[PDB]
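Engineer: Would you mind keeping the following structure in view while I ask a few things?
Just so you know, all these numbers are worked out from the coordinates, no wet-lab data involved. Heads up, the Cβs are rebuilt from the backbone with ideal geometry, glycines too, and the neighbour counts pull from every protein chain shown.
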Amino acid sequence: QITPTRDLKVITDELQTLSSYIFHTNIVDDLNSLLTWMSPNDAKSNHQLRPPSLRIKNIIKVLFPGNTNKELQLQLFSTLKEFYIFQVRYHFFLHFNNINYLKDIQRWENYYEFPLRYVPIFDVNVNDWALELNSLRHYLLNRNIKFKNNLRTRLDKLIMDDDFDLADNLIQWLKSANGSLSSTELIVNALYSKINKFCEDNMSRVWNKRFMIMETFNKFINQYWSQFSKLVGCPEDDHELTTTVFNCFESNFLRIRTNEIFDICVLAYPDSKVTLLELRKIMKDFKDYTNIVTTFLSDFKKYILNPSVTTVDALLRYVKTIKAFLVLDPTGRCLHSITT
Amino acid sequence: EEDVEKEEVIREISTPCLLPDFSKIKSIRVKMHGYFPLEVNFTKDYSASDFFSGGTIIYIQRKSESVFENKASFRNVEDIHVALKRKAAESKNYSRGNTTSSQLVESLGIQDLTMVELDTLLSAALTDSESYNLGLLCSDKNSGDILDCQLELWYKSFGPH
């Protein structure tokens with residue numbers, strides 16, 4: 001993506017000479033009025049988000065109603081393009097340090113492209129305007145760390161409050177920029193945060209239900225999977241993504257149950273027996289068992305092993321955990337560890 | 001060789017599996033998401049028995065997940081599925097933040113090696129002999145953050161000062 005620049009003075013001198021030779025008229029002063037209007041360097045002579053007068057539009061119609069005239073006209077466009085290329089980036093570099101939010105870059109884009117509608121310079125078949133826009137976006141991503149962090153926070157907030165359309169626009173902007181923050185990492189983190197919070201909202205302290213992880217997964221899929229697939233762009237029938245999402249759901253279910261295992265076994269038993277059997281289907285590693293016991297001892301000793309607690313209720317709760325863990329663990333090795 | 005004179009059949013097996021006799025094996029390759037691929041083909045000169053004579057175990061190198069590797073553009077495909085699997089695996093250790101050094105170098109804003117180096121070099125000048133060398137970097141046939149260097153050179157040449 002190589003772009004040439006031939007200095008503001010030279011291209012301006014080339015422009016006035018070409019207009020004087022081709023037009024043989026004193027439109028140079030009026031040509032100078034146009035370049036200032038398209039110029040965002042001077043805030044007094046530019047558009048300021050205001051439509052141009054009849055003078056500017058008539059000139060454009062004159063400029064936009066043999067072979068030497070065509071090529072002289074063609075090199076003019078390139079020279080006008082080079083002048084505007086000089087003019088936009090210098091303005092962008094003037095306000096480079098003032099960018100902190102996405103809304104700032106969008107309004108600056110509108111500020112730059114405001115004259116574009118009134119004077120067509122960019123050919124339809126070549127997406128030249130988009131190229132430097134992505135170039136400026138790429139540099140802003142790769143030079144402003146504070147902007148990069150603000151984009152991360154803004155996308156995380158937008159995905160948290162279910163503003164999916166604006167999130168999609170943000171993802172499209174990042175992909176077009178092609179910066180060192182690829183959208184794939186952002187959507188992964190946003191999806192991971194969203195599923196964690198949805199899991200925390202839904203399966204917290206609810207143990208009466210059976211096969212509730214299926215119920216939670218189906219409810220989440222019906223509520224957000226179509227939107228997430230639209231955000232990523234992958235087909236709705238991505239089987240392996242759904243499998244990984246389910247694997248994360250059960251891992252979150254395991255983690256929540258490990259945290260709450262004390263109230264699970266002490267109070268809700270035997271009403272929470274069903275989800276204990278379901279928990280038995282998930283635990284597979286020795287680390288899972290050592291974490292489940294060391295937490296359960298920690299809370300039980302924290303609460304029950306107080307001598308201020310009545311001894312009759314302490315034993316009643318104790319045997320309640322013994323049967324609860326015995327049903328959970330047929331081997332009873334965890335019972336031995338608890339007993340010791 | 002399928003125990004016969006036929007050409008070949010691909011056979012996909014797990015890792016702790018008993019491969020067939022060494023003299024009948026022509027090539028073996030290992031492919032998996034992560035460690036970069038390794039493939040060795042056994043010609044007439046060296047046999048599988050000779051290759052494994054020192055030991056029946058072959059080592060594979062670990063692909064490095066380095067911030068410096070992804071300077072500006074991600075050459076990696078970065079499949080959504082394996083990214084989720086990696087995120088789940090990291091959370092398993094986390095369950096069992098700015099804690100790793102990669103975030104530290106990211107916070108310092110020195111991730112791009114070339115961009116930082118040229119920024120130091122351009123600080124002042126711009127000798128012609130060097131300028132052609134920097135211009136050569138912008139006009140490189142194949143490189144990474146080429147667009148960043150071009151616009152950095154433009155900022156130095158005709159930016160505010």
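Engineer: For A:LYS61, which of the numbered conditions (1) more than 14 Å from every other protein chain (Cβ to nearest Cβ); (2) within 23 Å of A:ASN169 (Cα to Cα) fails to hold?
Structural biologist: Tallying (1) more than 14 Å from every other protein chain (Cβ to nearest Cβ); (2) within 23 Å of A:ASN169 (Cα to Cα), A:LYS61 fails exactly one: (2).
Engineer: I would also like to ask the following. Looking only at helices (runs of 4 or more DSSP H) that lie completely in region A:281-340, which have at least 3 residues being surrounded by fewer than 14 Cβ atoms within 10 Å (Cβ to Cβ), out of contact with any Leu (no Cβ under 8 Å at 6 or more places or on another chain) and not basic (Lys, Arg)?
Structural biologist: A:286-303, A:311-328
Engineer: A follow-up question, please. What about B:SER66, is it out of contact with any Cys (no Cβ under 8 Å at 6 or more places or on another chain) and within 14 Å of chain A (Cβ to nearest Cβ)?
Structural biologist: yes
Engineer: Could you say whether any residue in region A:20-29 is surrounded by 15 or more Cβ atoms within 10 Å (Cβ to Cβ), acidic (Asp, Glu) and farther than 30 Å from A:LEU151 by Cα?
Structural biologist: no
Engineer: Okay, moving on. Name the helices (runs of 4 or more DSSP H) wholly within region A:139-249 that hold at least 2 residues that are under 20 Å from the mean Cα position of the chain (by Cα) and more than 28 Å from B:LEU113 (Cβ to Cβ)?
Structural biologist: The qualifying helices (runs of 4 or more DSSP H) are A:145-160, A:164-177, A:183-202, A:226-232.
Engineer: Further question on the same structure: Which condition does B:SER123 not pass, out of (1) surrounded by 12 or more Cβ atoms within 10 Å (Cβ to Cβ); (2) away from chain A (no Cβ under 14 Å), if it passes all the others?
Structural biologist: Exception for B:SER123: condition (1).
Engineer: Within region A:36-52, how many residues are assigned to a helix (DSSP H, G or I) and among the polar types (S, T, N, Q)?
Structural biologist: Qualifying residue count, region A:36-52: 1.
Engineer: Taking B:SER95, is it more than 8 Å from chain A (Cβ to nearest Cβ) and at negative phi?
Structural biologist: It is false that B:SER95 is more than 8 Å from chain A (Cβ to nearest Cβ) and at negative phi.
Engineer: To continue, here is another question. Output the residue which, of all residues in region B:1-53 that are acidic (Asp, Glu) and either surrounded by 10 or more Cβ atoms within 10 Å (Cβ to Cβ) or under 27 Å from the mean Cα position of the chain (by Cα) (or both), is nearest to B:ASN76 (Cα to Cα).
Structural biologist: B:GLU39
Engineer: Check region B:146-155 and report whether any residue there is among the hydroxyl-bearing types (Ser, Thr, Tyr) and not in a loop (DSSP other than H, G, I, E, B).
Structural biologist: yes
Engineer: Using the structure shown, decide if A:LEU241 is crowded, with 18+ Cβ neighbours inside 10 Å, facing chain B (nearest Cβ under 10 Å) and aliphatic (A, V, I, L, M).
Structural biologist: Yes: the conditions hold for A:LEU241.
Engineer: What do you reckon, is B:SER101 more than 8 Å from every other protein chain (Cβ to nearest Cβ) and farther than 30 Å from A:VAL232 by Cα?
Structural biologist: In short, no.
Engineer: Any idea which of (1) away from every other protein chain (no Cβ under 12 Å); (2) loosely packed, with under 14 Cβ neighbours inside 10 Å; (3) not in a loop (DSSP other than H, G, I, E, B) is the one B:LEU137 doesn't satisfy?
Structural biologist: It fails just one condition, (2).
Engineer: Can you find a residue in region B:46-63 that is under 30 Å from A:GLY233 (Cα atoms) and within 14 Å of another protein chain (Cβ to nearest Cβ)?
Structural biologist: No, there is no match, as no residue in region B:46-63 is under 30 Å from A:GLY233 (Cα atoms) and within 14 Å of another protein chain (Cβ to nearest Cβ).
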